Structure formats: C-alpha cells, structure tokens
Ligand SMILES: *[B]([O])([O])[C]([C][C][C][C][N])[N]C(=O)[C]1[C][C][C]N1C(=O)[C]([C]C1=[C][C]=[C][C]=[C]1)[N]C([C])=O
C-alpha cells in the first residue's frame, strides 16, 4: 500500500498473510470468509509467465497478524492448506480475468479479537455499494513505493467509473473487475502494490453495519502512478463459483 | 452469520479512525 | 528473510 497508514489493532480481523515455507516470505494478502475458507487472487498461486505455480504443500496461512515479519506469539494462528481451488477460467493468459482462488484450511480456525470473517456480498449489497465515488478499504503488507512496512497498511479508495478504468490502460477489462483510486485532479492518492495481491477491498454497509469483501487486489500498472488505477476482482460476480466450491467440498 | 462485525469495533460500538470517511462517500 | 522464524 502506497500512501497508506498503519492499521489499528483489530481493524481487519479477516486479513490473512500467504507465506511460503522455503524460502520463508510474504507471498500475498488474503481474507477469511469462514472458519476454514480463505479467498485470494489466483495469480498468487498460479502465474505461468513467471513460473509461479504453488501447491498447497508450499503455503502457510497466517491469520490475526499485525506485524509483517514478527511471529505474533499468542495472537496469530498458522494454517496449513488442505486444497486450493483456482477458478477454472482464470485468464492468466491475457488480463487476469477471474483472478480468484479458494483455499481450504486443513483445520478450522477459532475466532477471536484479531480473527473474524468478513461478509461476502449479496445482490442488493453489491448493487448499493459498488458505485463510483464510494470508498472501499484495501489493506496489505506490500510495497510502500513502486519500502516494506512493519505493520499492516490501510488506505480508503473510491470506486472509479468503468469508462475511466478502461481509458487508463491498454489492458482488456472485463465485468469480473473494477478499478479504484483517486484521479489526478483529486489531490489524494494511494494504491496497493506488490505483495498486496489477494488482499481484500471491503466496504462497510450503512444498512447493517457489516463489512463486505467487494473486491480482491488483482493488478495495476505500477503503484500510485497518476492517471492509473488499481484493478480488483469483483467478488459478487464470481459469487456462484465460490458458492459452488464451498457447497461441493 | 457474525461476519463483518469486528470484535474490537462494531461489537463494542467503537469506530476506527477513518471509517467515517467511507460512510460519508455513500 | 526480514522474517522472524515461525515454530
Ligand atoms: B500482486 O501483489 O501479486 C500484484 C499487486 C498489484 C500491484 C499494483 N498496484 N499483482 C500483479 O503483479 C499482477 C499479476 C501479474 C501481473 N500483474 C500486474 O499487476 C502487471 C499488469 C498486468 C495486468 C494483467 C495481466 C498481466 C499483467 N503490472 C506490472 C507493473 O507488471
């Protein structure tokens, strides 16, 4: 996160760290949707152009984290994956269309003060909140500049009109994506950056006061560059696939 | 179920320092 | 790396 701020303790009890064993390092962000399900970007696990192909045996999930590099002794829980589910149609070939993956934890995690699931949007929620001008929240432990924080970073970003999103890149944009960030003439800034991927873009419902995951940090050309925006996987759009694998397995 | 209701915030009726920024954009 | 070992 560029132009972000340190999160407060328990600000994002759903934030998950994807961490590889050997060499031990931050892979990506993630989000707890249930006691045994973690949602991330597929590009975190599979990206052939970069020879990236992670099996479950390669990963560890860290929930309830605040410090980036520290082993938060009595706070965080470390989970082993049972099985990873990449959307069968994720397009790593062209534009990261359908950049979503589900990870089944080997054993359910106990909730606490620092570990709590975020809500998945329903049709009316998405309909209400997914509007240009509406700010969402991105959290992560990724680069600070296009340079690594000690603590979870946060920034609030406004959803941008589809046209403006389309017009800011040469990349082929789909319905399974949205963009967010400030416009050059808005005088505020910030964005996600390397290591932020798979992290949640969440909004708080004014109807019921709950936090819903509207998006997933997918991509963007550089970090916080003017006239450029961040692209997020649109969660509602891929909700039935998510529903499909949860109910199936 | 209990989703999106933060233990340290919503459950205690405490507001994070920038959440109002969000609810104001709505 | 910059990482504190995990059990
Ligand atoms: B993630 O941490 O892995 C990262 C986070 C986004 C930071 C940007 N603000 N995502 C990526 O690196 C993705 C995944 C592979 C390529 N990619 C990019 O963002 C590319 C642009 C792109 C978009 C869609 C398909 C292929 C490439 N950005 C750059 C600078 O190479």
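Chain A uses Swiss-Prot numbers throughout; the residues present, in order, are 364-509, 518-620.
So this one's X-ray crystallography, 2.3 Å, going by the header.
For all residues, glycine too, the Cβ spot is worked out from N, Cα and C.
What Swiss-Prot records for A:391-A:407, A:536-A:550, A:564-A:594 is disulfide bond. If you look up Swiss-Prot, you'll see A:406, A:462, A:568 marked as active site, charge relay system. For A:416, the entry in Swiss-Prot reads N-linked glycosylation site, with the evidence type experimental evidence.
A Cα-Cα distance of 5 Å separates residue A:568 (active site, charge relay system) from residue A:391 (disulfide bond).
The Cβ of residue A:594 (disulfide bond) has A:365, A:506, A:508, A:509, A:562, A:563, A:564, A:565 as same-chain neighbours under 8 Å, each 6 or more residues away in sequence. Between the candidate disulfide-bonded residues, A:391, A:407, A:564, the densest Cβ environment within 10 Å is the one around A:391.
The most densely surrounded of the recorded positions A:416, A:568, judged by C-beta neighbours within 10 angstroms, is A:568. Between the disulfide-bonded residues A:536, A:550, the minimum number of other C-beta atoms within 10 Å of a residue's C-beta occurs at A:536.
Residue A:406 (active site, charge relay system) sits 9 Å from residue A:416 (N-linked glycosylation site), counting Cα to Cα.
In the deposited model, 8 residues between residue A:509 and residue A:518 are left unbuilt, and the Cα atoms flanking this gap sit 9 Å apart.
Residue A:550 (disulfide bond) sits 26 Å from residue A:416 (N-linked glycosylation site), taking the CA atoms of both as reference points.
Within 10 Å (C-alpha to C-alpha) of residue A:462 (active site, charge relay system) lies none of the recorded positions A:391, A:416, A:536.
You'll find the Cα of residue A:416 (N-linked glycosylation site) roughly 9 Å from the Cα of residue A:407 (disulfide bond). Only A:406, A:568, A:594, of the recorded positions A:406, A:550, A:568, A:594, place a Cβ under 6 Å from an atom of ligand 1.
Reported as a whole number, the C-alpha separation between residue A:536 (disulfide bond) and residue A:407 (disulfide bond) equals 23 Å. The Cβ of A:406 has fewer other Cβ atoms within 10 Å than any other of the active-site residues A:406, A:462.
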